[PDB]
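Student: What follows is coords.cif, made up of mmCIF, C-alpha atoms and all ligand atoms:
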```cif
data_protein
#
loop_
_atom_site.label_atom_id
_atom_site.label_comp_id
_atom_site.auth_asym_id
_atom_site.auth_seq_id
_atom_site.Cartn_x
_atom_site.Cartn_y
_atom_site.Cartn_z
CA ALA Q 3 8.90 26.24 5.92
CA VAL Q 4 6.45 24.30 3.69
CA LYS Q 5 3.29 25.19 1.73
CA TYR Q 6 0.12 23.19 2.49
CA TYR Q 7 -2.09 22.17 -0.49
CA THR Q 8 -5.69 20.91 -0.42
CA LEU Q 9 -6.63 17.42 -1.67
CA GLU Q 10 -9.13 19.17 -4.00
CA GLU Q 11 -6.20 20.98 -5.65
CA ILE Q 12 -4.02 17.86 -5.71
CA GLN Q 13 -6.80 15.93 -7.56
CA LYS Q 14 -6.59 18.53 -10.37
CA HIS Q 15 -2.83 17.86 -10.57
CA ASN Q 16 -3.25 14.23 -11.74
CA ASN Q 17 -2.11 14.07 -15.41
CA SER Q 18 0.59 15.04 -17.98
CA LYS Q 19 0.30 18.79 -17.18
CA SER Q 20 0.79 18.06 -13.45
CA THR Q 21 1.44 14.62 -11.87
CA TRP Q 22 1.22 15.26 -8.11
CA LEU Q 23 0.22 12.66 -5.49
CA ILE Q 24 0.18 12.26 -1.72
CA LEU Q 25 2.98 10.19 -0.16
CA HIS Q 26 3.03 10.09 3.71
CA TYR Q 27 0.73 13.21 3.70
CA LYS Q 28 3.13 15.29 1.51
CA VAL Q 29 2.79 16.48 -2.08
CA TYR Q 30 5.45 15.29 -4.53
CA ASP Q 31 5.54 16.97 -7.96
CA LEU Q 32 6.71 14.27 -10.35
CA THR Q 33 5.46 16.19 -13.42
CA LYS Q 34 9.01 16.76 -14.72
CA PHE Q 35 9.99 13.23 -13.49
CA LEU Q 36 7.54 11.15 -15.63
CA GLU Q 37 10.11 10.45 -18.37
CA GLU Q 38 12.88 9.86 -15.80
CA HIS Q 39 11.01 7.48 -13.50
CA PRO Q 40 12.31 3.94 -14.32
CA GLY Q 41 8.94 2.47 -13.26
CA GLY Q 42 7.27 4.40 -16.15
CA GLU Q 43 4.89 7.39 -16.06
CA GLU Q 44 1.52 5.59 -16.02
CA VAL Q 45 2.29 3.78 -12.74
CA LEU Q 46 2.56 7.10 -10.85
CA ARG Q 47 0.00 8.96 -12.98
CA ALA Q 48 -2.59 6.21 -12.30
CA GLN Q 49 -2.33 6.99 -8.55
CA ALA Q 50 -1.73 10.75 -9.07
CA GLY Q 51 -4.34 13.01 -7.53
CA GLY Q 52 -4.57 10.32 -4.79
CA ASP Q 53 -2.37 8.83 -2.09
CA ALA Q 54 0.26 6.32 -3.23
CA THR Q 55 2.06 5.64 0.11
CA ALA Q 56 1.17 1.93 0.00
CA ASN Q 57 2.49 1.60 -3.59
CA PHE Q 58 5.64 3.62 -2.85
CA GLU Q 59 6.42 1.45 0.17
CA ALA Q 60 5.42 -1.79 -1.64
CA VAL Q 61 8.02 -0.89 -4.31
CA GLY Q 62 10.47 -0.29 -1.41
CA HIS Q 63 12.34 2.56 -3.18
CA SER Q 64 16.03 2.97 -2.17
CA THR Q 65 17.07 5.50 0.52
CA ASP Q 66 18.45 7.49 -2.44
CA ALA Q 67 15.04 7.40 -4.15
CA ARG Q 68 13.38 8.50 -0.86
CA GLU Q 69 15.95 11.30 -0.59
CA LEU Q 70 15.35 12.22 -4.27
CA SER Q 71 11.61 12.43 -3.46
CA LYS Q 72 12.44 15.39 -1.15
CA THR Q 73 13.59 17.32 -4.26
CA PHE Q 74 9.96 16.94 -5.49
CA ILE Q 75 8.28 17.84 -2.17
CA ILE Q 76 6.43 21.00 -3.18
CA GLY Q 77 4.21 21.04 -0.07
CA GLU Q 78 2.35 19.08 2.62
CA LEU Q 79 -1.24 17.77 2.58
CA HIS Q 80 -3.53 20.47 4.07
CA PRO Q 81 -4.36 19.62 7.73
CA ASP Q 82 -8.09 19.91 6.87
CA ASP Q 83 -7.51 16.80 4.67
CA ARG Q 84 -5.15 14.99 7.12
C1 LIG Q 101 8.03 10.05 -4.48
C2 LIG Q 101 8.53 10.09 -5.73
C3 LIG Q 101 9.25 8.90 -6.32
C4 LIG Q 101 10.58 8.84 -6.64
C5 LIG Q 101 11.62 9.90 -6.39
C6 LIG Q 101 10.78 7.56 -7.27
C7 LIG Q 101 12.02 7.09 -7.70
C8 LIG Q 101 12.21 5.82 -8.24
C9 LIG Q 101 13.49 5.26 -8.60
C10 LIG Q 101 14.83 5.96 -8.58
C11 LIG Q 101 13.28 3.94 -8.92
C12 LIG Q 101 14.33 2.86 -9.00
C13 LIG Q 101 14.29 1.93 -7.77
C14 LIG Q 101 15.44 2.19 -6.80
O1 LIG Q 101 16.60 2.07 -7.25
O2 LIG Q 101 15.16 2.47 -5.61
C15 LIG Q 101 11.85 3.71 -8.96
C16 LIG Q 101 11.25 2.51 -9.34
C17 LIG Q 101 9.87 2.30 -9.35
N1 LIG Q 101 8.89 3.13 -8.90
FE1 LIG Q 101 9.24 5.04 -8.14
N2 LIG Q 101 9.56 6.93 -7.36
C18 LIG Q 101 8.58 7.73 -6.81
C19 LIG Q 101 7.21 7.51 -6.74
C20 LIG Q 101 6.60 6.36 -7.23
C21 LIG Q 101 5.17 6.17 -7.26
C22 LIG Q 101 4.11 7.13 -6.78
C23 LIG Q 101 4.96 4.93 -7.82
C24 LIG Q 101 3.67 4.48 -8.44
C25 LIG Q 101 2.64 4.05 -7.68
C26 LIG Q 101 6.23 4.34 -8.13
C27 LIG Q 101 6.40 3.09 -8.74
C28 LIG Q 101 7.65 2.56 -9.08
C29 LIG Q 101 7.85 1.29 -9.73
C30 LIG Q 101 6.77 0.36 -10.22
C31 LIG Q 101 9.21 1.13 -9.90
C32 LIG Q 101 9.88 -0.02 -10.62
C33 LIG Q 101 10.24 -1.18 -9.68
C34 LIG Q 101 10.83 -2.33 -10.48
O3 LIG Q 101 11.91 -2.11 -11.07
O4 LIG Q 101 10.17 -3.39 -10.52
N3 LIG Q 101 7.19 5.25 -7.78
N4 LIG Q 101 11.26 4.86 -8.50
#
```
Mind turning the file's structure into structure tokens?

Tutor:
Amino acid sequence: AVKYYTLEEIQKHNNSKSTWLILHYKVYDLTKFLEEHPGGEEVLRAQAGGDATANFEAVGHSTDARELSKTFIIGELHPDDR
């Protein structure tokens, strides 16, 4: 199962209270990951509300990181937005 969230909504979740972004048309809550993320908070938060696939892939991110991302998958991008 998965919950679908609208890009509208995701754009509201783009700051300290909620840092969510699209990667590969899925919604990753990194809100409680800001401090943890070795790349720093601002790098995600800058793209948050938007898609960051290109950045995520440009950075490579280890298999383990990709796997860890699943732990933050809170939903998919709504098909209306896809
Ligand atoms: C999907 C959620 C993400 C997870 C779980 C995650 C996890 C990690 C981890 C564990 C590292 C260490 C690199 C490694 O060992 O593979 C890292 C580095 C990094 N991440 Fe992420 N990341 C995520 C999303 C993003 C996003 C959206 C961006 C910002 C556009 C980003 C930018 C970076 C940068 C700049 C580094 C540092 C690379 C360096 O050391 O030069 N990450 N991330």

Student: Write out as a PyMOL selection string each polymer residue (protein, DNA or RNA) that has an atom no more than 12 Å from ligand LIG 101 (chain Q), with all atoms listed in the file counted.

Tutor: chain Q and resi 16+21-76

Student: Atom CA of residue 18 of chain Q to atom CA of residue 6 of chain Q: how many Å, to one decimal?

Tutor: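 Atom-to-atom, atom CA of residue 18 of chain Q to atom CA of residue 6 of chain Q, that is 22.0 Å.
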
Student: Can you list, as JSON, numbers by chain, every protein, DNA or RNA residue that comes within 10 Å of residue 7 of chain Q when you count only C-alpha atoms, leaving out same-chain residues fewer than 5 positions away?

Tutor: {"Q": [12, 28, 29, 76, 77, 78, 79, 80, 81, 82, 83]}

Student: Enclose all atoms of segment 14-18 of chain Q listed in the file in an axis-aligned box, grow every side by 4 Å, and hand back centre and edge lengths in Å to one decimal, as JSON.

Tutor:
```
{"center_x": -3.0, "center_y": 16.3, "center_z": -14.2, "size_x": 15.2, "size_y": 12.5, "size_z": 15.6}
```

Student: With the input short on atoms, add N, CA, C and O atoms back to segment 35-52 of chain Q and write it as an mmCIF file, in the frame of the given file.

Tutor:
```cif
data_model
loop_
_atom_site.group_PDB
_atom_site.id
_atom_site.type_symbol
_atom_site.label_atom_id
_atom_site.label_comp_id
_atom_site.auth_asym_id
_atom_site.auth_seq_id
_atom_site.Cartn_x
_atom_site.Cartn_y
_atom_site.Cartn_z
ATOM 1 N N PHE Q 35 9.310 14.478 -13.827
ATOM 2 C CA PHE Q 35 9.990 13.230 -13.490
ATOM 3 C C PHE Q 35 9.401 12.046 -14.265
ATOM 4 O O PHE Q 35 10.019 10.987 -14.314
ATOM 5 N N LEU Q 36 8.220 12.204 -14.879
ATOM 6 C CA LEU Q 36 7.540 11.150 -15.630
ATOM 7 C C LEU Q 36 8.483 10.354 -16.530
ATOM 8 O O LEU Q 36 8.570 9.134 -16.411
ATOM 9 N N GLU Q 37 9.187 11.048 -17.426
ATOM 10 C CA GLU Q 37 10.110 10.450 -18.370
ATOM 11 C C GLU Q 37 11.272 9.753 -17.658
ATOM 12 O O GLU Q 37 11.767 8.729 -18.123
ATOM 13 N N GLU Q 38 11.723 10.329 -16.541
ATOM 14 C CA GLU Q 38 12.880 9.860 -15.800
ATOM 15 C C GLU Q 38 12.564 8.576 -15.042
ATOM 16 O O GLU Q 38 13.394 7.673 -14.951
ATOM 17 N N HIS Q 39 11.380 8.526 -14.431
ATOM 18 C CA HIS Q 39 11.010 7.480 -13.500
ATOM 19 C C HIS Q 39 11.122 6.091 -14.158
ATOM 20 O O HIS Q 39 10.351 5.781 -15.066
ATOM 21 N N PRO Q 40 12.037 5.224 -13.688
ATOM 22 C CA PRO Q 40 12.310 3.940 -14.320
ATOM 23 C C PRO Q 40 11.067 3.044 -14.321
ATOM 24 O O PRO Q 40 10.891 2.230 -15.223
ATOM 25 N N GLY Q 41 10.190 3.204 -13.325
ATOM 26 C CA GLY Q 41 8.940 2.470 -13.260
ATOM 27 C C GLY Q 41 7.930 2.866 -14.344
ATOM 28 O O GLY Q 41 6.877 2.241 -14.428
ATOM 29 N N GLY Q 42 8.207 3.896 -15.152
ATOM 30 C CA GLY Q 42 7.270 4.400 -16.150
ATOM 31 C C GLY Q 42 6.371 5.472 -15.543
ATOM 32 O O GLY Q 42 6.292 5.599 -14.318
ATOM 33 N N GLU Q 43 5.713 6.247 -16.415
ATOM 34 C CA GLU Q 43 4.890 7.390 -16.060
ATOM 35 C C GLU Q 43 3.501 6.959 -15.566
ATOM 36 O O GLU Q 43 2.997 7.458 -14.556
ATOM 37 N N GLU Q 44 2.884 6.013 -16.279
ATOM 38 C CA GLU Q 44 1.520 5.590 -16.020
ATOM 39 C C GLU Q 44 1.369 5.049 -14.600
ATOM 40 O O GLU Q 44 0.340 5.259 -13.968
ATOM 41 N N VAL Q 45 2.389 4.367 -14.072
ATOM 42 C CA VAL Q 45 2.290 3.780 -12.740
ATOM 43 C C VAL Q 45 2.070 4.874 -11.689
ATOM 44 O O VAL Q 45 1.224 4.712 -10.812
ATOM 45 N N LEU Q 46 2.799 5.996 -11.771
ATOM 46 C CA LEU Q 46 2.560 7.100 -10.850
ATOM 47 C C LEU Q 46 1.244 7.778 -11.211
ATOM 48 O O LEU Q 46 0.366 7.952 -10.369
ATOM 49 N N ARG Q 47 1.116 8.171 -12.481
ATOM 50 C CA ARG Q 47 0.000 8.960 -12.980
ATOM 51 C C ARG Q 47 -1.351 8.308 -12.671
ATOM 52 O O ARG Q 47 -2.304 9.002 -12.333
ATOM 53 N N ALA Q 48 -1.424 6.977 -12.715
ATOM 54 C CA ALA Q 48 -2.590 6.210 -12.300
ATOM 55 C C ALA Q 48 -3.022 6.532 -10.868
ATOM 56 O O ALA Q 48 -4.216 6.583 -10.585
ATOM 57 N N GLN Q 49 -2.061 6.689 -9.952
ATOM 58 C CA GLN Q 49 -2.330 6.990 -8.550
ATOM 59 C C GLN Q 49 -2.386 8.505 -8.301
ATOM 60 O O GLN Q 49 -2.915 8.953 -7.283
ATOM 61 N N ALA Q 50 -1.795 9.299 -9.200
ATOM 62 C CA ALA Q 50 -1.730 10.750 -9.070
ATOM 63 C C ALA Q 50 -3.104 11.363 -8.845
ATOM 64 O O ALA Q 50 -4.126 10.824 -9.263
ATOM 65 N N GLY Q 51 -3.128 12.467 -8.100
ATOM 66 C CA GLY Q 51 -4.340 13.010 -7.530
ATOM 67 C C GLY Q 51 -4.703 12.338 -6.203
ATOM 68 O O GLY Q 51 -5.405 12.940 -5.393
ATOM 69 N N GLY Q 52 -4.245 11.102 -5.974
ATOM 70 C CA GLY Q 52 -4.570 10.320 -4.790
ATOM 71 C C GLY Q 52 -3.330 10.112 -3.937
ATOM 72 O O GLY Q 52 -2.256 10.651 -4.223
#
```
